[PDB]
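As structure tokens, the next two blocks hold two forms of the same chain, structure 1 and structure 2.
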Structure 1
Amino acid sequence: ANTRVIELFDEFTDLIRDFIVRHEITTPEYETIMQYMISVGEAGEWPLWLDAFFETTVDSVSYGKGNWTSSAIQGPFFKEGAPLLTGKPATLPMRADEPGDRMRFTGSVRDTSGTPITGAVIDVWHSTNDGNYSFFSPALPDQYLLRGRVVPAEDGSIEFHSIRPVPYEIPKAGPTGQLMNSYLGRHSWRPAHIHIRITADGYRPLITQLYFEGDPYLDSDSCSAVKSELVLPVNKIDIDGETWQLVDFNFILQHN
């Protein structure tokens, strides 16, 4: 027996039941829903699906709100064990010829007093110029491409080089995409983003995302995860024929 489950489950079932009566959900609709749940499972989309609609709320309960950096969902594409980068400067692992503009990120990690948090490790992950994540696409190796950890200098500053991630489309043809495009008449795009996770002894993990100014999807994120402070100004420069996009961000972590 588990009392937590009993408490919650009965109120959950009561609420869905009232929901079924109040919205007149009939036999054929029910079977549609049922078959839809089955197909989400068959496509392995539950993490994708649940993250898209409910994970922002779970984050809220967990991280609260305040002076520190805002959360954004982890999503389903994180992978533990990303390699530590200590090169100067640190570059995420990528293919020779890795497509996209080049990107340089600088920033810092401090608490709310502005003391540097030397004990932090920062995970980074993002998709290819083509909208795929390593480990999650048949078109990419199951290797740590575009994934890495960096540690702050003792003054708290950090830096990593990579490629510029682009807007990402949840597949139109899977059940998650079919809900977003067809049944809801919306779309299934997210704006371009860099995923960040920062942990440190004495501190609450920060899991967040960084977005880019002028992204067409900033106001219609299909996972509803954009916050204004997380949208980054871009300074575009040329070097040797290659465009570099320079972005910067100061992370503040929450005590505990």
Structure 2
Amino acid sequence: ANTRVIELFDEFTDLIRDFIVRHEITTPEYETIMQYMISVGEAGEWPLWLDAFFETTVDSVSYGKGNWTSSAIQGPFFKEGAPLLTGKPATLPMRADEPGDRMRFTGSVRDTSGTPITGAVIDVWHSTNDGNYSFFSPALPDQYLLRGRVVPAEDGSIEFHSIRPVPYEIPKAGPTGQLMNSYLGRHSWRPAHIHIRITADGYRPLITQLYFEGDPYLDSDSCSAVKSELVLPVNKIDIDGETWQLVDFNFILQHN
């Protein structure tokens, strides 16, 4: 017996019973709830459904804002052991002719005092423009595509190269899409994002997400996960007729 759970569960039972009474939750209503949950099981979407609606809140109690980088959710599609990119310019493993424009990501990783953190590993992950993540779609191999680890050079600079990401929409036919589009008459679009996770000994882990300026769904996140201080300016440099989206974010890790 955990007393954390005896205390949380019992309050939580007493709340939901009251919700039921306040809102006259009927039996067929009930049977539909029960039934919808079941089908969230079957599509394997519990982690999407919950993160969709609640990661944002658990992430607000979990970390604080100040003079460093802000956390943001991790969502459902992170995968461990993604591969070290070393290279002439390091480039997310990706497909022959992987759809989209070329994107150069530059930046640095440092502590709340300015010092650069040579001992860090940035994991990145993002979804094809087709709108799937590797390891989690039947439209993509269980391989590491668009996922990789980067390491600050000894002066703290980071830079990698990938496609530039575009607005993702949660499968409109899954339980989560269906609630979102139909039952809620809304939408299931997220704005484009690069997911980052940075770790370093001596520092507190960072899980966050970089967004893009003027993004269609900037204010519309069907996951409600956006924070302005993370909406990024894009710049457009040509080299041999070839249009790099340039982006640049400077990470601060907190100590301990």
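Residue indices: 1-based, along structure 1. Rigid core here is just the name for the largest C-alpha set that superposes within 1.5 Å across the two forms.
After superposition on the rigid core, the Cα atom of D14 is displaced by less than 2 Å between the two structures.
Once the rigid core is matched between the two structures, the CA atom of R186 is found 1.0 Å away. The two forms line up on their rigid core, and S62 then has its Cα shifted by 2.1 Å between the two structures.
Superposed on the core, the two forms differ at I25, whose C-alpha moves 1.0 Å between the two structures.
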